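Peer 1: Got a structure for you, questions after.
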Amino acid sequence: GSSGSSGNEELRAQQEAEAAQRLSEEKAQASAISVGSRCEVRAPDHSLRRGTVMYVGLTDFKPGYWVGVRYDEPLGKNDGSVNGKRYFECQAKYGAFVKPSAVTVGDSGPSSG
């Protein structure tokens with residue numbers, strides 16, 4: 001009786017004071033960037049790139065917050081699906097995974113659209 005799927009009740013407390021006070025800077029940036037808007041990104045890969053926000057939030061392969069951005073040319077690293085977990089829809093070397101602090105919104109919206 002009583003099937004199983006997803007539990008974790010203690011985590012609810014760990015992600016309240018520990019994953020809130022220390023991750024207040026990353027959260028403020030993660031809870032600001034909109035989805036589906038052209039934004040720039042900075043990294044040691046090569047140079048500045050231009051893509052659109054696809055996913056914004058926590059991850060499975062890495063902790064903290066993350067932001068998915070797709071580019072027109074082959075300037076990505078991941079392929080959307082990392083370690084089985086999928087975020088966006090696109091081929092490889094197109095949708096790179098950076099952080100809010102690493103992201104830069106250039107054209108999100110005046111209010112909503």
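If you're wondering about the labels, chains in the structure tokens are A, B, ... by order shown, residues count from 1 in each chain, ligands from 1 in order shown.
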Please tabulate, as CSV, the residues of region 40-67 of chain A that come within 12 Å of region 12-16 of chain A, each with its closest pair of atoms and the distance in Å to one decimal, counting only C-alpha atoms and ordering rows by chain, then residue number upward.

Peer 2:
residue,atom,partner,partner_atom,distance
A:58,CA,A:15,CA,11.7
A:63,CA,A:15,CA,11.7
A:64,CA,A:15,CA,10.8

Peer 1: Using only C-alpha atoms, which residues sit within 8 Å of region 72-77 of chain A once same-chain residues fewer than 2 positions away are excluded, as a list in words?

Peer 2: residues 49, 50, 51, 70, 79, 92, 93, 94, 95, 96 and 97 of chain A

Peer 1: I need the residues from that last selection saved to file as a PDB file, in the first residue's frame (with N, CA, C and O atoms), if you can.

Peer 2:
ATOM      1  N   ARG A  49      28.372  36.399 -26.440  1.00  0.00           N
ATOM      2  CA  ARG A  49      27.424  35.709 -27.307  1.00  0.00           C
ATOM      3  C   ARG A  49      26.037  36.337 -27.203  1.00  0.00           C
ATOM      4  O   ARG A  49      25.789  37.179 -26.340  1.00  0.00           O
ATOM      5  N   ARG A  50      25.138  35.920 -28.087  1.00  0.00           N
ATOM      6  CA  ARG A  50      23.776  36.442 -28.095  1.00  0.00           C
ATOM      7  C   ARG A  50      22.760  35.308 -28.208  1.00  0.00           C
ATOM      8  O   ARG A  50      22.711  34.603 -29.215  1.00  0.00           O
ATOM      9  N   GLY A  51      21.954  35.139 -27.166  1.00  0.00           N
ATOM     10  CA  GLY A  51      20.951  34.090 -27.167  1.00  0.00           C
ATOM     11  C   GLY A  51      19.668  34.511 -26.477  1.00  0.00           C
ATOM     12  O   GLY A  51      19.500  35.679 -26.126  1.00  0.00           O
ATOM     13  N   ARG A  70      20.249  29.867 -25.694  1.00  0.00           N
ATOM     14  CA  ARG A  70      20.571  29.278 -26.988  1.00  0.00           C
ATOM     15  C   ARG A  70      21.101  30.338 -27.949  1.00  0.00           C
ATOM     16  O   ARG A  70      20.634  31.477 -27.951  1.00  0.00           O
ATOM     17  N   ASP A  79      23.516  20.257 -24.557  1.00  0.00           N
ATOM     18  CA  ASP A  79      22.508  19.988 -25.575  1.00  0.00           C
ATOM     19  C   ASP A  79      21.109  19.967 -24.965  1.00  0.00           C
ATOM     20  O   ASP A  79      20.216  19.280 -25.461  1.00  0.00           O
ATOM     21  N   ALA A  92      23.240  20.089 -29.812  1.00  0.00           N
ATOM     22  CA  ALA A  92      24.432  20.294 -28.997  1.00  0.00           C
ATOM     23  C   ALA A  92      25.256  21.468 -29.512  1.00  0.00           C
ATOM     24  O   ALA A  92      25.156  21.846 -30.680  1.00  0.00           O
ATOM     25  N   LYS A  93      26.071  22.042 -28.633  1.00  0.00           N
ATOM     26  CA  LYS A  93      26.915  23.174 -28.998  1.00  0.00           C
ATOM     27  C   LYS A  93      26.068  24.360 -29.454  1.00  0.00           C
ATOM     28  O   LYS A  93      26.424  25.061 -30.400  1.00  0.00           O
ATOM     29  N   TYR A  94      24.948  24.575 -28.774  1.00  0.00           N
ATOM     30  CA  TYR A  94      24.051  25.676 -29.109  1.00  0.00           C
ATOM     31  C   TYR A  94      23.465  26.302 -27.847  1.00  0.00           C
ATOM     32  O   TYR A  94      23.463  27.522 -27.693  1.00  0.00           O
ATOM     33  N   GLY A  95      22.971  25.457 -26.948  1.00  0.00           N
ATOM     34  CA  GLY A  95      22.390  25.945 -25.711  1.00  0.00           C
ATOM     35  C   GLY A  95      23.336  25.809 -24.534  1.00  0.00           C
ATOM     36  O   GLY A  95      23.366  24.774 -23.870  1.00  0.00           O
ATOM     37  N   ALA A  96      24.110  26.859 -24.275  1.00  0.00           N
ATOM     38  CA  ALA A  96      25.062  26.853 -23.171  1.00  0.00           C
ATOM     39  C   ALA A  96      24.355  27.076 -21.838  1.00  0.00           C
ATOM     40  O   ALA A  96      23.238  27.590 -21.793  1.00  0.00           O
ATOM     41  N   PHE A  97      25.017  26.689 -20.751  1.00  0.00           N
ATOM     42  CA  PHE A  97      24.453  26.846 -19.415  1.00  0.00           C
ATOM     43  C   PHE A  97      25.317  27.773 -18.567  1.00  0.00           C
ATOM     44  O   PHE A  97      26.407  27.401 -18.135  1.00  0.00           O
TER      45      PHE A  97
END

Peer 1: Could you list, as a PyMOL selection string, every residue within 12 Å of residue 100 (chain A), counting only C-alpha atoms and ignoring same-chain residues fewer than 4 positions away?

Peer 2: chain A and resi 25-34+39-42+53+55-58+64-69+104-105

Peer 1: Atoms to include: N, CA, C and O atoms. Write the selected residues as a compact mmCIF listing (two decimals), in the first residue's frame.

Peer 2:
# COMPACT_ATOMS: atom_id res chain seq x y z
N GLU A 25 21.78 36.33 -3.17
CA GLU A 25 22.31 37.06 -4.31
C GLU A 25 21.98 36.34 -5.62
O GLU A 25 21.63 36.98 -6.61
N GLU A 26 22.09 35.02 -5.61
CA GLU A 26 21.81 34.22 -6.79
C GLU A 26 20.30 34.13 -7.04
O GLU A 26 19.86 34.06 -8.18
N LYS A 27 19.53 34.14 -5.96
CA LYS A 27 18.08 34.07 -6.06
C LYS A 27 17.50 35.36 -6.63
O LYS A 27 16.59 35.34 -7.45
N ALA A 28 18.04 36.49 -6.17
CA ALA A 28 17.58 37.80 -6.63
C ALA A 28 17.77 37.94 -8.14
O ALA A 28 16.97 38.60 -8.81
N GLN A 29 18.83 37.33 -8.66
CA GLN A 29 19.12 37.39 -10.09
C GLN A 29 18.32 36.34 -10.85
O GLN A 29 17.95 36.54 -12.01
N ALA A 30 18.05 35.21 -10.20
CA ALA A 30 17.30 34.13 -10.81
C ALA A 30 15.81 34.45 -10.85
O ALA A 30 15.08 33.98 -11.73
N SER A 31 15.35 35.24 -9.89
CA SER A 31 13.95 35.62 -9.81
C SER A 31 13.72 37.00 -10.43
O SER A 31 12.85 37.75 -9.99
N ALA A 32 14.51 37.32 -11.45
CA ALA A 32 14.40 38.61 -12.13
C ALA A 32 14.42 38.43 -13.64
O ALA A 32 13.61 39.01 -14.36
N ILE A 33 15.37 37.63 -14.12
CA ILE A 33 15.51 37.38 -15.55
C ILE A 33 14.30 36.63 -16.09
O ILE A 33 13.95 35.55 -15.61
N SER A 34 13.65 37.21 -17.10
CA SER A 34 12.47 36.60 -17.70
C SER A 34 12.88 35.51 -18.69
O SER A 34 14.05 35.39 -19.06
N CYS A 39 19.33 37.86 -24.56
CA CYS A 39 20.26 38.29 -23.53
C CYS A 39 21.69 37.89 -23.88
O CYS A 39 21.91 36.92 -24.60
N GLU A 40 22.65 38.64 -23.36
CA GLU A 40 24.06 38.37 -23.62
C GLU A 40 24.66 37.50 -22.51
O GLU A 40 24.10 37.41 -21.42
N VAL A 41 25.79 36.88 -22.80
CA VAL A 41 26.47 36.02 -21.84
C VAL A 41 27.98 36.17 -21.93
O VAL A 41 28.53 36.33 -23.02
N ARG A 42 28.65 36.12 -20.78
CA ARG A 42 30.10 36.25 -20.73
C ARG A 42 30.74 34.98 -20.19
O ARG A 42 30.30 34.42 -19.19
N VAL A 53 16.67 33.48 -23.37
CA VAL A 53 16.42 32.73 -22.15
C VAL A 53 15.41 31.61 -22.39
O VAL A 53 14.33 31.85 -22.92
N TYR A 55 15.47 28.47 -19.93
CA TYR A 55 15.22 27.93 -18.61
C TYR A 55 15.94 28.74 -17.54
O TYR A 55 17.08 29.17 -17.74
N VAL A 56 15.29 28.93 -16.40
CA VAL A 56 15.87 29.68 -15.30
C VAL A 56 15.45 29.10 -13.95
O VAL A 56 14.29 29.19 -13.56
N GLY A 57 16.41 28.51 -13.24
CA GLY A 57 16.12 27.92 -11.95
C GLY A 57 17.20 26.97 -11.48
O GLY A 57 18.34 27.04 -11.95
N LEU A 58 16.85 26.08 -10.56
CA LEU A 58 17.80 25.11 -10.03
C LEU A 58 18.13 24.05 -11.08
O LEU A 58 17.47 23.95 -12.11
N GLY A 64 22.91 25.53 -6.77
CA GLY A 64 22.63 26.93 -7.03
C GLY A 64 21.66 27.12 -8.18
O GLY A 64 20.96 26.18 -8.58
N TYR A 65 21.61 28.33 -8.72
CA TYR A 65 20.72 28.64 -9.83
C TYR A 65 21.48 28.66 -11.15
O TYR A 65 22.70 28.85 -11.18
N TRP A 66 20.75 28.46 -12.25
CA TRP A 66 21.36 28.45 -13.57
C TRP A 66 20.42 29.06 -14.61
O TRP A 66 19.22 29.21 -14.36
N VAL A 67 20.97 29.41 -15.77
CA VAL A 67 20.18 30.00 -16.84
C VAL A 67 20.57 29.42 -18.19
O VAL A 67 21.74 29.43 -18.57
N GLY A 68 19.58 28.92 -18.93
CA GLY A 68 19.84 28.35 -20.23
C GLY A 68 19.65 29.35 -21.35
O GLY A 68 18.63 30.03 -21.43
N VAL A 69 20.65 29.45 -22.23
CA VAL A 69 20.59 30.38 -23.35
C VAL A 69 21.05 29.71 -24.64
O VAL A 69 22.10 29.07 -24.68
N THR A 104 23.25 38.45 -18.99
CA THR A 104 23.01 39.88 -19.15
C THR A 104 21.80 40.13 -20.04
O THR A 104 21.86 39.93 -21.25
N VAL A 105 20.70 40.57 -19.43
CA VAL A 105 19.48 40.84 -20.17
C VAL A 105 19.60 42.14 -20.97
O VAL A 105 19.93 43.19 -20.41

Peer 1: For residue 54 (chain A), which residue out of A:71, A:23, A:88, A:78 is the nearest one, using only C-alpha atoms?

Peer 2: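 Using only C-alpha atoms, the shortest distance to residue 54 (chain A) belongs to A:88.
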
Peer 1: In Å, rounded to a single decimal, give me how far CA of residue 60 (chain A) is from CA of residue 85 (chain A).

Peer 2: 7.0 Å

Peer 1: Give me, please, the distance in Å between CA of residue 36 (chain A) and CA of residue 98 (chain A), quoted to one decimal.

Peer 2: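 Calculated distance between CA of residue 36 (chain A) and CA of residue 98 (chain A) is 15.4 Å.
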
Peer 1: What residues in chain A get the DSSP label helix (DSSP H, G or I)? Please answer as a ChimeraX atom specification.

Peer 2: /A:11-21,24-30,100-102
